[PDB]
């Protein structure tokens, strides 16, 4: 059986879910209970966290532009997702998606994580560059298991305190 339904027009599906791509949401998963996690991510968004995904992440910037703040070879690189770009992120490259444009839409595709394969969410210090805080999480909900993580980092000056220079991250 076609568990996930029949083919349907993607542009128009993105149109009909525009208002849920705008904040306060941003995310919208296409099919539920599937192995491939297929999401459309709009803008504008608020992210200061770096994601440490134990599996690959496919990107296709369908509308508008966005960029990924990265940690590549110990440096703070930036990878731009201009409209029409596709990209395959290798496992565990830290990345912080910035989506400044309202009405943008990026197809993001990932894999359900097997039990014991944890996602990481880290913040780094603007001053000294050291790791400020890391939460590891057995991700079940690419859309709803992240904000409590975030809220609790923003709510805790201690979690935000850099252990190398003491500067409290802004959150």
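Positions refer to the first chain, counted from 1. Take the two forms, find the largest set of C-alpha atoms that superpose within 1.5 Å, and that set is the rigid core.
Q: Quick one: core-superposed, which stretch strays further from the shown model in 5 other deposited structures of this protein, 39-47 or 54-62? Go by RMS C-alpha distance.
A: Most displaced of the pair in 5 other deposited structures of this protein: 39-47.
Q: Taking RMS over all structures and residues, which stretch has CA atoms farther from the shown form in 5 other deposited structures of this protein, 64-72 or 136-144, after a rigid core fit?
A: Per-stretch check in 5 other deposited structures of this protein: the more divergent one is 136-144.
Q: Using only C-alpha atoms and the B-factors in the entry, which stretch averages higher, 47-55 or 26-34?
A: Mean B over CA atoms: larger for 26-34.
Q: Which is higher on mean Cα B factor in this entry, 9-17 or 157-165?
A: Comparing 157-165 with 9-17, the higher average CA B-factor belongs to 157-165.
Q: When the CA B-factors of 142, 68, 135, 105 are compared as recorded in the entry, which is the largest?
A: By C-alpha B-factor in the record, 142 ranks first.
Q: Using the entry's values, work out which of 146, 62, 41, 117 has the largest Cα B factor.
A: Of the candidates given, the C-alpha B-factor peaks at 146.
Q: Ranked by Cα temperature factor within the chain, is residue 100 in the lowest third, the middle third or the highest third?
A: Answer is lowest: the recorded C-alpha B-factor places it there.
Q: Taking the entry's C-alpha B-factors for this chain, is residue 79 in the lowest, middle or highest third?
A: As the PDB entry reports it, the C-alpha B-factor of residue 79 lands in the middle third of its chain.
Q: Using the B-factors in the PDB entry, rank residue 126's C-alpha atom against the chain and give the third, lowest, middle or highest.
A: Answer is highest: the recorded C-alpha B-factor places it there.
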